[PDB]
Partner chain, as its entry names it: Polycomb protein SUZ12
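Have a look below at one chain only, the form solved without the partner chain, in structure tokens format.
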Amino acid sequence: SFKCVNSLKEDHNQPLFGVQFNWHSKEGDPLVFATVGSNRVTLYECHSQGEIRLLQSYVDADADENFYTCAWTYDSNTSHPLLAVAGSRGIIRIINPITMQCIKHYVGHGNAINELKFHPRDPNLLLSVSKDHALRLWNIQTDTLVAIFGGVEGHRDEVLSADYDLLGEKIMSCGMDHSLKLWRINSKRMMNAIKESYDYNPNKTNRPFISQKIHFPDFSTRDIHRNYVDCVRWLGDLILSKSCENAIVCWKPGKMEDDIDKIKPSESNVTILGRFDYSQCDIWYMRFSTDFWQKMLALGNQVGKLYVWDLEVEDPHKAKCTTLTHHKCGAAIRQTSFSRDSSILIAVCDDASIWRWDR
């Protein structure tokens, strides 16, 4: 079971909106996690006796920047970890976590970026989701915009979250229009766009890189939640998503026995496989997370309580819940992160505090 071994507070005293363990950290190296809040990104190392060792921060030159998200990848030639961050300015920064140097930045969108995710099988492909109602897929090896997911049948309001499935063949996005939308990226059009992004070298051609504009999702529903959908994750062929209605819903497109790859864009049904209720988490902008193996699900609430669900059961509705509290932890938990082996769970709060729970 989990025990609270340490806590820390960042000097900016502003909310921490994101936290991610580096699941690409090398064997024998201590566990490292990044936090994002205010106009900063900070790295920490987990040590024995609950020690949280402070390393170094990246501080944006714009005091008005507010980082909302971060995601780890690694350099495709050297294997060294890389960290991407973004937020209110709509700028994607690729940071070398060793020196905390910004090694490249993309003017990602014409509005804030709410989430960043790297492709599960390709470390060069970065997905950003924005307040401009679109998703964008970047190839950070050739600095190209592969595709824009949005348009005439895309999201109709700010996009808050998105996730790749296990194989990275498809994306599920969600946002302020109450909808969850599916975008297949294993179509002939998208596989060709990705191949061409890798073949693009602006020094060796005259053409600009032509980005795809994908105006139509492969599936859409507004039948799961009745408010802003602010977090989505795939659980195999099933989806986990939440709104501010004190519930994570586990569902799937189509009827009970419909295969996800047979779902057509006109599909009008959804199937609910279960719902994980909790309390006092009815404010917008609260994230849930799963561990590496997807054996566990974690979410913090607006009064500092953590809920952890054991997903190692025959059906989703049988998930077993554990609650974790500490008398000194009373601020809203915006995001959690498990270490790759799930031995540590970190929670970050609105009062700039960091909470470490060891298994």
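Numbering follows the first chain given and starts at 1.
The form solved in complex with the partner chain exists for this protein as well; it is not shown, and the discussion that follows is about that form.
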Practice item. Using a 4.5 Å heavy atom cut-off, state whether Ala71 contacts the partner chain in the deposited complex. Key: no
Point to revise | Non-hydrogen atom contact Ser220 with the partner chain in the deposited complex at 4.5 angstroms | key: no
Point to revise | 4.5 Å heavy atom contact, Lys262 and the partner chain in the deposited complex | key: no
Practice item. Spell out, yes or no, whether the shortest heavy atom distance between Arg207 and the partner chain in the deposited complex is within 4.5 Å. Key: yes
